[PDB]
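So basically every Cβ, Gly included, is an ideal-geometry build from the backbone, and we count neighbours across all protein chains shown. Derivation of every value follows stated rules applied to the coordinates shown; laboratory data play no part.
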Amino acid sequence: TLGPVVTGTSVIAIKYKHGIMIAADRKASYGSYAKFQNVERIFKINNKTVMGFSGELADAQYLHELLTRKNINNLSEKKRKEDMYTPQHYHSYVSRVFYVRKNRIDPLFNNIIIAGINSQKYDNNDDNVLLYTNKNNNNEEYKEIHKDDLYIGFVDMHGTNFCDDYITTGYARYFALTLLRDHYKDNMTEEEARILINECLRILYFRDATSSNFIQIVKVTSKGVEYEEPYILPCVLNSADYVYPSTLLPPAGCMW
Amino acid sequence: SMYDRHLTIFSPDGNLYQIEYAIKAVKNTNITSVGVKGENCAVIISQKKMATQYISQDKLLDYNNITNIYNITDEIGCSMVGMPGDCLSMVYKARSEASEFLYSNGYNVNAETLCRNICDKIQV
């Protein structure tokens, strides 16, 4: 790849009391043209790990392929649930791929988020892994997962990598991150986490031209990786001044 | 000097007789205009009469065209009494002054300031 052609905009991932909540609008743009409006941008790596991306879609699909087969081989050698690769392992692997490609001046034009649960003590999902069946879609309850057992990593084009309690990509690194650094807190419930993520996505919808309001939410919890039903975010303007007719303003001067 | 009543220069007593003669020329037109202010309005009334000048009033003259009231802008009008060439000239000067003001400042000139700017032009 020589540069972005088809791109996704921004991803938000945060720890809350039951695991990881990661969000991305389902949009991939061809420049300023919103060609694809129903694109999946958060992928399941294993029952405890997800991958989100911004930037070029082809490079992201390549990386998703790499990780899919890495998880398959991991399962091929597994003899006990502890053998499954952690989110930290996948974050290291992706950071390494990016570093190697930087040294060749052949990078993937992506920013990546690797998030998940860094422990095996909260459930027995990895005792019998199903790749092609999902049982979550039974009446059990989520276990609170200590924040230290949760992992959210970031990788950019140059191989810069780090972990945090909340990670953002793209325009979320300005709009969402400001609100998160002001307002995020530990042990948030699903309701509070969802409310904060939705406020960030609403600001992005109002201020990022590449964004959309059709939001895919993914959760990684004691029940595994769950894709929520995509939903349209209701975004209303926050001032009547915007809606005031221009003809009611003075006709003279630069009144616009 | 012998020409102190020909140019706009002071005479021995301090008068500029050219200004007095221009005012008399205004008076010679025999045109009367009256402006009156209300509490929330203002009115100007003038005669629809040709200024007494070299030529006289013909019966084929279109009397509807005879006027001494002009719009400067949509919201500012005036009566101009005096020599018709000079009155038309002052009308155009005032219109251009108002338009320049509007463009420069993004709002319409009010009547006071337009009058003062016109008079600054006349002082020259």
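About the Cα centre, and with charges only on the beta carbon of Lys, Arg (+1) and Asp, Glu (-1), how big is the dipole of the protein assembly as shown? Nearest 20 debye, please.
On the way: 41 positive and 44 negative charges, 139 e Å.
It comes to approximately 660 debye.
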Q: Summarise the long-distance tail of P(r) for chain A by giving the % of C-alpha pairs beyond 33 Å.
A: 22 percent
Q) Can you give the FRET efficiency for residue A:72 and residue A:241, using 1/(1 + (r/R0)^6), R0 = 51 Å, r = Cβ-Cβ distance, to the nearest 0.05? A) 0.35
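Among A:21-29, A:7-15, A:102-110, how do they line up from the highest to the lowest mean number of other beta-carbon atoms within 10 Å?
Values: A:21-29: 23.9, A:7-15: 26.3, A:102-110: 15.0.
Per-residue Cβ counts within 10 Å, averaged per peptide and sorted highest first, yield A:7-15, A:21-29, A:102-110.
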Q: Go through A:47, A:213, B:114 and say which Cα lies farthest out towards the positive end of the charge dipole of the protein assembly as shown; charges sit on Cβ, +1 for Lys and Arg, -1 for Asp and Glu.
A: A:47
Q: Could you pull out the pairs from A:79/A:102; A:78/A:102; A:102/A:223; A:15/A:102; A:15/A:70 whose alpha carbons sit more than 27 Å apart here?
A: A:79/A:102; A:78/A:102; A:102/A:223; A:15/A:102
Q | Residues of region B:103-121 with amide N under 14 Å of the 7 Å Cα→Cβ point at residue A:254 | A | B:103-107
Q | Unit charges on C-beta of K, R, D, E only; dipole of region A:5-232, Debye | A | 540 debye
Q) In sequence order, what are the phi-derived ³J(HN,Hα) couplings for region B:84-91 according to the Karplus relation 6.51 cos²θ - 1.76 cosθ + 1.60 with θ = phi - 60°, rounded to whole Hz, with x for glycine and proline? A) x, x, 5, 5, 4, 4, 5, 4
**Q.** For B:107-119, mean number of other protein chain Cβ atoms within 10 Å
**A.** 1
Q: Using every pair of alpha-carbon atoms in region B:24-78, split the distances into 10 Å bins beginning at 0 and state the percent of pairs per bin, rounded to integers.
A: 19, 43, 28, 8, 1
